[PDB]
């Protein structure tokens, strides 16, 4: 079969590559690769090579890679463009693999591992690695085996060997419930000391060296730990053998609160599964712990255990190991579902990049564009440095805070790529400039037509509509491929078909990101602004077009139909369209959902396309790619007192949705956005009730809402203390910690954290509050034994019995209810023009 790369690395004048050969064998080669870069030349010099601007270029072959780099520096000094691909690994891959790469994952060693490190003094810092590794579970995808490394004697105790037999049994039988599917795939290896285990693991590693190395938190915990441990114990010469090319680099990552270290294992591609998940799941999760994610994904989670993990090895080593196995298998189970690694393998081979560069839209697009330009002898521009400079972005209408009985929303598809394509925005496409009228003038087609020669954007930009721009071409090609591969979604292969289609979608949605990123070879401020400013007029123009149409239809005049617009959406108030027929004519809920759907399809969408073809002519664009789809139809169930929907402000609304782009729901479902019910900081029991409140407001009406309040409020004190405790994340605890006490500016949760410490001071048993970790918070009644307004303890857990009974006694229900339930509700009912209790004076609603 066809050859394919595995990992590629540049070291000095060499390029080191692991690859699969003609006969499926994994192997390594060192190549003294000669790069070509390109300079500009006079018309005199005749060449096949031109830059994107059609300017002639000379191909400079270099004897070695350092030459090429030294040349880029020399060229930088003179002040002349050094164009071509500066990242020689990409160039090497483009040269070596000059075809559509077809890979076979059965020949790619994917490893999932986790370690366990008994640490009795807090989280074992990986860069310090000061505690013995007492378990490694390492899964090899080729052998389909779980290789379990068990330390039997540590500083923290001696233990019996782990039992597969006991592991297989049910929890009720004293078992660990390690699944049947993996019980015959475990290879158990106990060790008498830690050096014996680490050197046996290190051999194992050379024998079965990961191409893709993954798992949950490997890049931040497991890899740094193993590395520093081996390193500290055996010296760096030994730890480096953990890379196939024996080169490793320590890298520091700065962030919000501080910096961090990762080990770059040259010749391996590390795809931490936590990072694959956060990147490609597209579901903002309240927690990213393997336990929570595995629960959300598989309805099962990580193995359960009594007491702290720090005592588990001593207390129940049997479980401790089994828990190490289950956690590695959890990741595998999630990947069996979401397919992220396969999706990474697809993208990486499609772009011809190092697989790990799937985390970089920059690196991916750059390599994709470079290749297609290479195929036509074109020379990519030098990556110039650019001052990071904020430009305007998405437009968001101020909603008038109200209730909205019938709402119908619409959506522009793939707005930003669409605009790039519609206008022809690209570096080499810039054709000039035009005198900008205020954006409002363009919105109302009142400004003078920008140009009738060039494709225009309301930010003053003008583009050639005669040339086919590099970027719009590349984004058009990815669109066309999507269709193609989602056309084989008519025909085992309904797998490679999905991942191709999903990955084209990922590239499409990631392009604008890159184009706004200053380290993009094709970044251009004038252009990025052109995209966002065009989008800003697209949306408001169509807000105008929609109002005009519906006013004309309804015989109304100057009636605000479009109630809200967020980035690529418009939400349309369909009250009057309903009134045209009249409510009593509809027989059931489904009958008016029928009516609206029909009206949008037959009357609005034609008026919308009609409206956008006008904009296209006004701006003089290359082609018309502005297409809207009807998203939601929302309202109260027929013959009910329910309000249907409400907006409390920008990105703050609830809708009672009946139909999402064609799909008609059985029961109605609440689309809630921005409101406290969608907030992780909101207590469990309260999240549940605000949602009930919103359910009752939209579907049932005021008297129902009021009934639930009076009831929930009567019944608050009996709810579990953990369910009514608000969550928060603790950051810079020390930064506000002045001798155990809240210094200037100390935020509410951190104050609570210190109050806990004050009651914790001098306790081992007590679970300490980790800096950068989620914390429960609870208000305390005035004059309490902890001497503060609040207390805050670690989340996901019950509070220590050393203070628990005094917390429960002193916690301020009144201040808790008002702060977490009532105030947010008053929020919603105020907007929806509703009362959550009777006899509320009408006069509150005024600024008297």
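Numbering follows the first chain given and starts at 1.
Across the other PDB entries of this protein whose models span the neighbouring residues, residue 255 goes unmodelled in a third or more.
The entry models residue 491 and residue 492 with a gap of 10 or more deposited residues left without coordinates.
For the pair 497 to 505 and 421 to 429, the record assigns the higher mean C-alpha temperature factor to 497 to 505.
Averaged over CA atoms, B-factors in the entry run higher in 279 to 287 than in the other of 279 to 287 and 219 to 227. As recorded in the entry, 302 carries the highest CA temperature factor of 405, 650, 526, 302. As recorded in the entry, 736 carries the highest CA temperature factor of 416, 149, 541, 736. The deposited CA B-factor of residue 477 belongs to the middle third of values across its chain. Ranked within its chain, residue 837 lands in the highest third, by CA B factor from the PDB record. Sort the modelled residues of the chain by CA B factor and residue 512 lands in the middle third.
The entry lists a Cα temperature factor for residue 348 that places it in the middle third of the chain's modelled residues.
When the modelled residues of the chain are ordered by C-alpha B-factor, residue 24 sits in the highest third.
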